[PDB]
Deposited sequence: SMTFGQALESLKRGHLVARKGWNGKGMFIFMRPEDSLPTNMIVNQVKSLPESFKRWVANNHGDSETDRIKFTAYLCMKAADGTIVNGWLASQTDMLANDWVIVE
């Protein structure tokens, strides 16, 4: 069992990790890597972007960079983009590799 810092190194290597002390069942987090897209892709191709964002991009622009980030497979089976580490998650040492 490991610290949050070790779990973050395993996430950057592509593993799934979880805390034993979480309330929800069968959950895990994983990392999604950075991506860089031409601005035309963003305005015409990328799904799930608001029109207001797309207009700002068109108005202010080569390439747009999406930073890497963490995600969660939740207890209900949903995927949450943008998982949050609580105070307890960050300071705990009950992290485990789950895949």
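Residues of the deposited sequence with no modelled C-alpha atom fall in a single range, 62-66.
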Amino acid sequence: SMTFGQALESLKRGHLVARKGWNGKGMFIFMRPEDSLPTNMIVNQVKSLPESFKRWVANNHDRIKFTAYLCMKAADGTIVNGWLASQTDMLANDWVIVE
From here on, numbers count along this sequence of modelled residues.
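So that the term is clear: the rigid core is the largest set of C-alpha atoms that superpose within 1.5 Å between two forms.
Between 31-39 and 44-52, the larger root mean square Cα shift in 5 other deposited structures of this protein, once each structure is superposed on the rigid core, falls on 44-52. Between stretches 72-80 and 21-29, the one whose Cα atoms sit farther from the displayed model in 5 other deposited structures of this protein on average is 21-29 (core-aligned, root mean square). Note on 44-52 vs 62-70: mean CA B-factor is higher in 44-52. Remark: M27 belongs to the middle third of its chain, ranked by C-alpha B-factor as recorded. In the deposited entry, the Cα temperature factor of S1 places it in the highest third of its chain's modelled residues.
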